[PDB]
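Take a look at this single chain, the form deposited in one PDB entry, given in structure tokens.
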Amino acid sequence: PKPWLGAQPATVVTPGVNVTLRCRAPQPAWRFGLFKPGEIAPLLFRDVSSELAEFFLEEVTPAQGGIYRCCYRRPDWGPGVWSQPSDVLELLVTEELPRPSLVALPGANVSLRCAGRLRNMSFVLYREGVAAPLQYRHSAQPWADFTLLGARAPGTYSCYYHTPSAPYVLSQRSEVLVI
């Protein structure tokens, strides 16, 4: 039975902060291991006698990012037997979130989509010549759709997105989309 692996405070963070990775097995275990892609031995492990093991990652750098899985092990199990792995948990430690893309949608009212590669983000649309955000939208899906009404449609637009709470991790600005 696979354990579960979760991150606090978040799964996307700025370098410097502290992260706790928590692996919960569905039954009591002896050893918990955190595994990265391409390495067969666990990167880190804890011998606890619990369903739960916690790995404190201090002042994180991009070395602490990447794909994580957790596996656990009971001592009465055969040599080299671990449990099924948890679903992956990928930790993104970065000062700049990947650039989103602003594209025109099919369709009077024009529709734009600002698409990034992360879920649960806040998206902000700008029109060149205007200093304050033209529009803004929080989305669960990794995109936001903004609508432009008639004679307002023409212009040069760009968007970006950021984490929905402080401290903020900001993406770079999309390339411009001319309408």
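In this text, residue numbers run from 1 along the sequence as written.
Counting the deposited residues that fall between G107 and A108 and carry no coordinates gives a value of 4 to 9. Between the stretches 73-81 and 97-105, it is 73-81 that shows the larger average CA temperature factor.
Here 28-36 and 130-138 are compared by their mean Cα B-factor, and 130-138 comes out higher. You'll see in the entry that, of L52, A115, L125, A151, the Cα B factor peaks at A151. Compared with the other modelled residues of the chain, the Cα B-factor recorded for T11 ranks in the middle third.
Ranked against the other modelled residues of its chain, the C-alpha B-factor of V178 as given in the entry falls in the highest third. Split the chain's modelled residues into thirds by C-alpha temperature factor. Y161 is in the lowest one. For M121, the recorded CA temperature factor ranks within the middle third of the chain's modelled residues.
What comes next is about the form deposited with a partner chain bound, which does not appear here.
Of the candidate stretches 31-39, 145-153, 121-129, 65-73, only 121-129 contains residues with a heavy atom within 4.5 Å of the partner chain in the deposited complex. Interface membership of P133, defined by any non-hydrogen atom within 4.5 Å of the partner chain in the deposited complex, is confirmed. Although the partner is absent here, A10 sits far enough away that none of its heavy atoms falls within 4.5 Å of the partner chain in the deposited complex.
Taking the partner from the other structure, the partner chain in the deposited complex has no heavy atom within 4.5 Å of any heavy atom of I179. Contact check for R24: no non-hydrogen atom falls within 4.5 Å of the partner chain in the deposited complex. A hinge is where C-alphas change from fitting one rigid part better to fitting the other better; between the shown form and the other one, that place among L43, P26, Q141, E95 is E95.
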